[PDB]
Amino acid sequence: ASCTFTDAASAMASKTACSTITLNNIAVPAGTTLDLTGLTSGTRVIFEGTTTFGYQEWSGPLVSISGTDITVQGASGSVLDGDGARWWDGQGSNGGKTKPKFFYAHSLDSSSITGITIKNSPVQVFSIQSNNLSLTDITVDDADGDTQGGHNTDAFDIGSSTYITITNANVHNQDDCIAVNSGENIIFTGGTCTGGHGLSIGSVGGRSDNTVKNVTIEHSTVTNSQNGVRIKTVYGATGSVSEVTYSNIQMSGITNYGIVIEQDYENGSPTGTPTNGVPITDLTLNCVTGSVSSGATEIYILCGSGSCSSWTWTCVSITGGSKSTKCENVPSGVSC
């Protein structure tokens, strides 16, 4: 059954009786989720026109989709417009107004999301907690947040997930382009990230799931961002990061760290002293190149004692800025 909805209440009432769901120009009531969870396997969901959301201080999510064998599509020209400047106050999820997370993909398994454009998210965009989920041709347009107070506008937050593939993402935001807090068999490829805090593994630690294994971040560009490539493990936490590869990453206009791997991370500020409970092993950097700004540091490695080992770094060349004088516990075959 094919069904077209112009309001959220009708879509929610009938979602399980429809095998194709078209969501046309829906205005989602303030303080509520556009709740497309619990879909019948095989359902296709199409966003058309501009989806909007009422204003309320709450934690979200604004949209949530779940089910097995679900195909989610943005039609040509469609936008999910959060109008996040209504909430933005420079403090993100760290203070100020309570701001809603945008899009939950929790147990959207053996599924795909393609061609979705998100505009002006209040705070973080995708919360991915799924198995065998692809996200292709996603655009996050939070550029207005650069001047209007956007903060913590992460594009792809991943945890407790397996077999996630992100292809051809285009992100302009104010926080991580990708943040892998936990997960196994993750691929990010063909992406362009600008404005934000870079392509990050982590933070790893302090949650129920603190294991990252077999992640490839490749064939991507990071520009005008605080960091290019980053691995962050939480100060004093327990977990593990293994079999991570960054390959064919180009960067420019990086303001803090071209490459930063640190085991002293805290959300407010790193401690400056690393710990060794989240080992980073079998890390490969291959062809990670580009430039940082004049006030930036090229490469910063702050490893704990014994918690960084078996790294392979080839064709890493970061120009501009300054060399770090604060690296600790650098593994064999690696340098700052």
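The first residue of the shown sequence is 1; numbering continues from there.
Taking the PDB entry as given, 261 to 269 carries the higher mean Cα B factor of the two stretches 151 to 159 and 261 to 269. Higher mean CA temperature factor between 73 to 81 and 100 to 108: 73 to 81, per the PDB entry. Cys287: CA B factor lies in the highest third for its chain, per the PDB record. Compared with the other modelled residues of the chain, the Cα B-factor recorded for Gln174 ranks in the lowest third.
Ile65: CA B factor in the lowest third of modelled residues in this chain (values from the PDB entry). Among all modelled residues in its chain, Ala296 ranks in the highest third by Cα B-factor. Ranked against the other modelled residues of its chain, the C-alpha B-factor of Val45 as given in the entry falls in the lowest third.
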